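The structure tokens that follow cover one protein chain in two forms, given apart as structure 1 and structure 2.
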Structure 1
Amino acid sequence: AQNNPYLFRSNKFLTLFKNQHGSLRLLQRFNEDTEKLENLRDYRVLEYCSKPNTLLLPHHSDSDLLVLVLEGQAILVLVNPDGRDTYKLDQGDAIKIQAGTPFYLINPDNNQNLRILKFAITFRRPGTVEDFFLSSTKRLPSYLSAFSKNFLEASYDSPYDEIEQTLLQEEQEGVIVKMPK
């Protein structure tokens, strides 16, 4: 792996996560190895493969995403300041997630894998894409733990130790989690 000459054939991602139940890849930047793809600069392509009876933990992305299910089927649930929407996607269905919206994913009761292409469109950091996770795992932890004790102890009106143990996870199975049942 080094830089290049004039191309539009792009076959290699980077793994951001890989466990028991699935993968998280992200195609490299388009203008990265060429000034030829300058126009594709503000967008990123990720790949999402999950297994039967699995959940992607609740999170949000800094960018709007355009999710296309290329294989299988899933349960999409979007959270709102006052609510939730659930969507069933079977193969070939597509749907845009406004950025900032937190959502989780799930491949149903199955025998097959869900295969998802997420088209990310970037606005704050050009060509850059960030996912914020509510949970802690071994990789990165919960974004809520960045807060100082008092802050959290005040916003919540409970004592530190009681936040902690409803803060700080031991999510063995990091990002992807076989729905026990």
Structure 2
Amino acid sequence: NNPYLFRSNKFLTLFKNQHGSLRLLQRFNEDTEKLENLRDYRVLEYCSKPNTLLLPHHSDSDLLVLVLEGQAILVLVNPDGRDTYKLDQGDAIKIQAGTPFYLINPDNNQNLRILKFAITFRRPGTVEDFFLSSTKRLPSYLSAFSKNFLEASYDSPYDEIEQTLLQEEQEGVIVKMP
């Protein structure tokens, strides 16, 4: 058939709850040797419904974010402050690899569709997301740190950290806005 065509059913499901979804396009150089020049790029599609927010996480790649439909509140978090952006349909924004961010869908009527073009470099063609929160998918990466290490870092009793940071709250990375 055709090596340059990619139907919507070539997108793998990263996560998908009754609130939204995150899809990942397979590697362009997967089934054909004719797209070797596209091996470092990945396309993802973020889909969510009204009053939902993609939880806090940073990725290991740069992300060209593109709002295909709806409006959004993209909040980029810096170590010395946070930057708020009202993303409107047709707007694009690059998210520096490693910048933690959360996306919010404020409208109560229409859904939100976003295209994230991924530019990989640490491990070409692979994109990873580190969610600071813990769920059924996976638990806050802060939880992998040894008992003693977490106590000295945050200077608090273990059960208290496991109490405030580490335990599972919501069931997915996309939650409904209270």
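Each form is matched to the other, and the largest set of C-alpha atoms that superpose within 1.5 Å is called the rigid core. For residue numbers, the reference is structure 1: its sequence is counted from 1.
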| item | value |
| --- | --- |
| After fitting the core, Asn19 CA displacement of 2 Å or more between structure 1 and structure 2 | no |
| Core-aligned C-alpha movement of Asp157 between structure 1 and structure 2, 2 Å or more | no |
| Core-referenced Cα shift (Å), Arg139, between structure 1 and structure 2 | 1.3 |
| Core-aligned Cα shift of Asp109 between structure 1 and structure 2, given in Å | 3.6 |
